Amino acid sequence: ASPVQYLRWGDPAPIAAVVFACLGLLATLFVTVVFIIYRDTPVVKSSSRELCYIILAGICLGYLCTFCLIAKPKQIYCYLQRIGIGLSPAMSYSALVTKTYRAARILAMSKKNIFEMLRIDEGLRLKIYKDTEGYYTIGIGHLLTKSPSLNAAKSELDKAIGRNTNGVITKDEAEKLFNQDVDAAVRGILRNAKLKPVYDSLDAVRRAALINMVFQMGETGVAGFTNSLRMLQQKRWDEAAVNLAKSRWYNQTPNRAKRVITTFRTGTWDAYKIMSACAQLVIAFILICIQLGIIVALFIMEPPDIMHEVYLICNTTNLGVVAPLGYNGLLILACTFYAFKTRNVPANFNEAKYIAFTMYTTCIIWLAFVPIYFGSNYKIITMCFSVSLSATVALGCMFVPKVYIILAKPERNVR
């Protein structure tokens, strides 16, 4: 009848879900108006604002589902229940997986440049060899094993590549091996206090130049260029260029040092030799249309109907929940994969950090939703609270920090 009547009767649940949904709707409208009024601010215009609007619409639909699950005895409401509870997480996570996939592609294309730089400078061997220390190595100085068995080296190489290599790889396989080495080198940099301040206060190209220097001499040797590192930190490229040209490393390996110094100076890859926007909308549209087609197919197979109360009970069985839940869970898994592969990306004021934390919480909440909902005797209220909680964790972990930066730190809103 009425949630207030159920509160007066002794059930403090329907009116609570209504208040939750109303607060969520008000918060979604607040965040949307903030992001529209401040569309040209660098914090908003740096991400996919259209995909952000798609995610906001998903959150709003997830909150509106409570008014469908707690409504009057009507048929269109039994339809809109399934539509909303299937499309809200779909609408959010399709845009989210598009964003995370584009971020992962950007990261791969960024590492490709360092691979090309150190292929030009250091070199590469597609067959297994031994380093000067006498240990099995292949590619751009990638250690296979410290053990003295060529068969063990080939075993670890096959285990790392995933194919019967027989001691021979390709350039892309060598790039895959080189990505782990550059990750380890960056970790070694961020742990030394004589290299981390410069590394964090640089752009990508100069970070790559410093990585090349570390690959050539080591972190302890690169830490010797104290004055030049401080010049680079203070964005004094023209002076650091000369001070590096005065070095003994420049006189021992001049050809590579010239390119590294020119890279440090100009900030471009000119010294060496080396995803659309409307496409993301269409991809998210297709991913949402797949879920909508699932929903329509279940409408045709199992037509909605009132079973037969403030709860509009419908004939929604378990399959009509399992299939959309399954597709949304696959979306969540892909989202989590691509957001974990990009967890340390600092773009958009470290947006991927909050994205990854939100994806972790969503995975946990859904893994808990399965046995809680399916082993429950109050399924409508649990569905209400679960959808509202997922929308809430999304809106709070992803959009609340941005609105906080906009409406409280207007000076940090700079590229």
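Superpose the two forms; the largest set of C-alphas matching within 1.5 Å is the rigid core. Numbers for residues come from their place in the sequence shown, where the first is 1.
More shifted region, core-based fit in 6 other deposited structures of this protein, 257 to 265 vs 311 to 319 by CA
Most displaced of the pair in 6 other deposited structures of this protein: 311 to 319.
Of the other PDB entries for this protein whose models extend past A245 on both sides, does at least a third leave it without coordinates?
Negative; every one of those entries includes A245.
Is it true that at least a third of the other compared entries have no coordinates for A339?
Result for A339: never missing in the compared entries.
If you count the residues of the deposited sequence that sit between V168 and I169 but have no coordinates, do you get none, 1 to 3, 4 to 9, or 10 or more?
Missing in between: none.
If the chain runs straight from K146 to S147, say none; otherwise bin the unmodelled deposited residues as 1 to 3, 4 to 9, or 10 or more.
Going from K146 to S147, the model skips no residues of the deposited sequence.
If you average the CA temperature factors as listed in the entry, which stretch comes out higher, 323 to 331 or 263 to 271?
Per the deposited B-factors, the answer is 263 to 271.
Do the C-alpha atoms of 245 to 253 or of 159 to 167 have the higher average B factor in the entry?
Comparing 159 to 167 with 245 to 253, the higher mean C-alpha B-factor belongs to 159 to 167.
Could you check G84, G141, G293, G221 and tell me which one carries the biggest Cα B-factor in the deposited entry?
Comparing C-alpha B-factors across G84, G141, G293, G221, the maximum falls on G221.
Compare the CA B factors listed in the entry for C278, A240, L107, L210 and report the winner.
The record points to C278.
Rank-wise, by C-alpha B-factor, drop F115 into the lowest, middle or highest third of its chain.
Ranked within chain, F115 CA B lands in the lowest tercile.
Determine, from the deposited record, the chain-internal third of the Cα B-factor for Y360: lowest, middle or highest.
Ranked within chain, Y360 CA B lands in the middle tercile.
Lowest, middle or highest third of the chain for the C-alpha temperature factor of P42?
It belongs to the highest third of the chain when residues are ordered by C-alpha B-factor.
Please rank the C-alpha B-factors of the chain's modelled residues and tell me whether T342 sits in the lowest, middle or highest third.
CA B-factor rank for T342: middle third.
Lowest, middle or highest third - CA B-factor, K258
For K258, whose C-alpha B-factor we compare with every modelled residue in the chain, the answer is the lowest third.
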